[PDB]
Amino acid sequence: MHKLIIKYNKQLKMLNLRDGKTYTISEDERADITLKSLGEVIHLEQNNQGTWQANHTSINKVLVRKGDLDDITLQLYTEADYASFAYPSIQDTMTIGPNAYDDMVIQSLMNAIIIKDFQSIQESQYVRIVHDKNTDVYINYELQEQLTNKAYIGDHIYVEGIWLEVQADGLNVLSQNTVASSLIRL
C-alpha cells in the first residue's frame, strides 16, 4: 500500500498510488488531483526500483515543494505506518495527542483531539470528533468548520499528519511516527 496525502493552501487530496501507474497533480481539471492556483505541475511515477517520485525526486516520508500560495506537502504512507486500535471498553471518550495521558500518544501532534460517543456507534453509525480552533481537522478530505464534527463508519479523518478510519470496533490509523497506547491493538 502507498497512500499519498497532498496538502496545499488548506486543501487536502488523496491518491492510492498503484504499481506501474503515473499521475499528475496540477491546476487542470482533468489531472488526477486538481488544485486551483497551484502554479506547478507534479508528475508522480516510480523510478526503476519502484520508488515513488514527484518530478523525479523520491518522496520517502514527506516531500515539500513551494507553490503559488503555500508549500505543497506530499506525505506518503505504507503498511508500515498502519495500526488498528479497539475503542475503550467502558469510557465513552478517547483522546489522540502528544500528552502522556492521551489514550493514543503520538509525539508529533501539536494538539490532542477527542473521539467520543462510540459506545452507541452500533446504533448511530458515527462518532464525534472534537478539536480546538487551532487544529485543522478534515473528514473525507474536507476541512471542518465546527469544533465538533460527526464522523461515520467508513469515513476518513486527517489531522496533524495522521490518518484515521472510523470502524464499528475501533479506529484504523496511519502514522509515520510511533504510536504509544493503552488501548488494545487489533
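When you see a residue number, it is the position in the sequence shown, counting from 1.
Would you tell me which stretch averages the higher CA B-factor in the PDB entry, 115 to 123 or 36 to 44?
Result of the comparison: 115 to 123.
Of the options 26, 53, 49, 149, which has the highest CA B factor as deposited?
Each of 26, 53, 49, 149 was compared by C-alpha B-factor; the highest is 49.
Among 22, 172, 16, 177, where is the Cα B factor highest in this entry?
In the PDB entry, the greatest C-alpha B-factor among 22, 172, 16, 177 is found at 177.
Against its chain's modelled residues, does residue 84's Cα B factor rank lowest, middle or highest third?
CA B-factor rank for residue 84: middle third.
What third of the chain, by the recorded C-alpha B-factor, contains residue 78?
Middle third, going by the recorded CA B-factors of the chain.
Place residue 60 in the lowest, middle or highest third of its chain's C-alpha B-factors, as listed in the PDB entry.
According to the entry, residue 60 has a C-alpha B-factor in the chain's highest third.
Comparing residue 69 with the other modelled residues of its chain, is its CA B-factor in the lowest, middle or highest third?
For residue 69, the deposited C-alpha B-factor lands in the highest third.
Would you check the entry's CA temperature factor for residue 136 and let me know if it's in the chain's lowest, middle or highest third?
Its C-alpha B-factor belongs to the middle third of this chain's values.
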